[PDB]
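Reviewing the structure listed below.
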Amino acid sequence: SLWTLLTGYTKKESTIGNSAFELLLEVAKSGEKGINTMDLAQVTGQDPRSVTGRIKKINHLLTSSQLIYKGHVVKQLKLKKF
DNA sequence: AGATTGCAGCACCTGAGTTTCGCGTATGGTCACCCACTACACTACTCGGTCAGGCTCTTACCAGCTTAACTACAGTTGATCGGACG
């Protein structure tokens, strides 16, 4: 049901991998504030290459835009509903 | 019409053809980092010219004389020059 409510599909058939789904859960927790890709990377505990390669699987669910943070160039992520 | 026997029907364990799958193994693709090369504008030390300072060499002497040449006066002859010719 959590899978279905967030992705629109059940765990039994959804195309999103477990790691990418946990990324989505972090964006779900942050809601209206959303998460920048580096704080997401730090909180999930994985590197920016891995985060970027995974985020492709969910870019249709997320509104995004560029921003500059701690001298690095990053994007903000928000679920469409927020 | 009974003692001997086969048909074949019931049920349950089993087997392969067929399928879906997981992984190896390996291949094209994302993207993040940091490197090499280039270059417009700059930093800064030296060399170089110019100037003064002031120590330095070398001159040539005054009138006279006494060792040395010129420096004017002077006369018939050049050959460019004017200006007109062909």
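Naming works like this for the structure tokens: A, B, ... for the chains as they're shown, residue 1 at the start of each chain, ligands 1 onward in shown order.
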DSSP on the backbone, alpha helix (DSSP H) only: what residues of range 2-81 of chain A does that give? Format it as JSON, numbers by chain.
{"A": [2, 3, 4, 5, 6, 7, 18, 19, 20, 21, 22, 23, 24, 25, 26, 27, 28, 29, 30, 37, 38, 39, 40, 41, 42, 43, 44, 48, 49, 50, 51, 52, 53, 54, 55]}
Using only C-alpha atoms (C1' of nucleotides), tabulate the residues of chain A lying at most 8 Å from any atom of chain B, each with its closest atom pair and that distance in Å to one decimal, by chain and increasing residue number, as a Markdown table.
```
| residue | atom | partner | partner_atom | distance |
| --- | --- | --- | --- | --- |
| A:48 | CA | B:32 | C1' | 8.0 |
| A:49 | CA | B:32 | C1' | 6.6 |
| A:53 | CA | B:30 | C1' | 7.0 |
```
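Considering the residues A:27, A:79, A:20, A:40 and counting only C-alpha atoms, residue 61 in chain A has its shortest atom-to-atom contact with A:79.
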Using only C-alpha atoms, the shortest atom-to-atom distance to residue 81 in chain A among A:45, A:31, A:54, A:60 belongs to A:31
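Taking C1' of residue 21 in chain B as the reference point, CA of residue 16 in chain A is found at 19.3 Å.
Nearest residue to residue 28 in chain A among A:43, A:62, A:74, A:55 is A:62, counting only C-alpha atoms.
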Based on the backbone DSSP call, show me all residues of chain A assigned strand (DSSP E or B), as a compact mmCIF listing (two decimals) with N, CA and C atoms, in the first residue's frame.
```txt
# COMPACT_ATOMS: atom_id res chain seq x y z
N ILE A 35 14.28 18.07 -0.73
CA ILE A 35 15.68 17.81 -0.39
C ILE A 35 16.60 18.16 -1.56
N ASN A 36 17.74 18.79 -1.31
CA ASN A 36 18.72 19.04 -2.36
C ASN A 36 19.52 17.76 -2.57
N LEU A 62 8.96 13.66 -9.60
CA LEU A 62 9.56 14.80 -8.92
C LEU A 62 9.71 16.11 -9.70
N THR A 63 9.26 17.22 -9.10
CA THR A 63 9.52 18.57 -9.64
C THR A 63 10.96 18.90 -9.25
N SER A 64 11.73 19.52 -10.13
CA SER A 64 13.13 19.86 -9.84
C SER A 64 13.60 21.13 -10.51
N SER A 65 14.64 21.73 -9.93
CA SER A 65 15.28 22.96 -10.40
C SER A 65 16.70 23.09 -9.84
N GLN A 66 17.57 23.83 -10.52
CA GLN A 66 18.94 24.09 -10.09
C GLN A 66 19.04 25.07 -8.92
N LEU A 67 20.02 24.84 -8.03
CA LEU A 67 20.40 25.71 -6.93
C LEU A 67 21.87 25.45 -6.56
N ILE A 68 22.51 26.40 -5.89
CA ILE A 68 23.93 26.33 -5.51
C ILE A 68 24.01 26.19 -4.00
N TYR A 69 24.72 25.17 -3.51
CA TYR A 69 24.78 24.83 -2.09
C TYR A 69 26.16 24.35 -1.67
N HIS A 72 28.86 23.72 -4.25
CA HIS A 72 28.52 22.68 -5.22
C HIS A 72 27.25 23.06 -5.99
N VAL A 73 27.08 22.55 -7.20
CA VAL A 73 25.87 22.80 -8.00
C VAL A 73 24.95 21.60 -7.88
N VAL A 74 23.71 21.82 -7.47
CA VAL A 74 22.76 20.77 -7.07
C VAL A 74 21.35 21.08 -7.57
N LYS A 75 20.45 20.09 -7.54
CA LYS A 75 19.02 20.30 -7.81
C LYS A 75 18.14 19.97 -6.63
N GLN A 76 17.07 20.73 -6.46
CA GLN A 76 16.05 20.47 -5.44
C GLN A 76 15.06 19.45 -5.96
N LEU A 77 14.56 18.56 -5.13
CA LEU A 77 13.55 17.57 -5.51
C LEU A 77 12.31 17.72 -4.62
N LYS A 78 11.11 17.74 -5.21
CA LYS A 78 9.82 17.78 -4.50
C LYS A 78 8.81 16.84 -5.15
N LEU A 79 8.03 16.07 -4.39
CA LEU A 79 6.96 15.27 -5.02
C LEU A 79 5.95 16.28 -5.59
```
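CA of residue 18 in chain A is positioned 12.6 Å from CA of residue 51 in chain A.
If you look at CA of residue 50 in chain A and CA of residue 17 in chain A, they are 12.6 Å away from each other.
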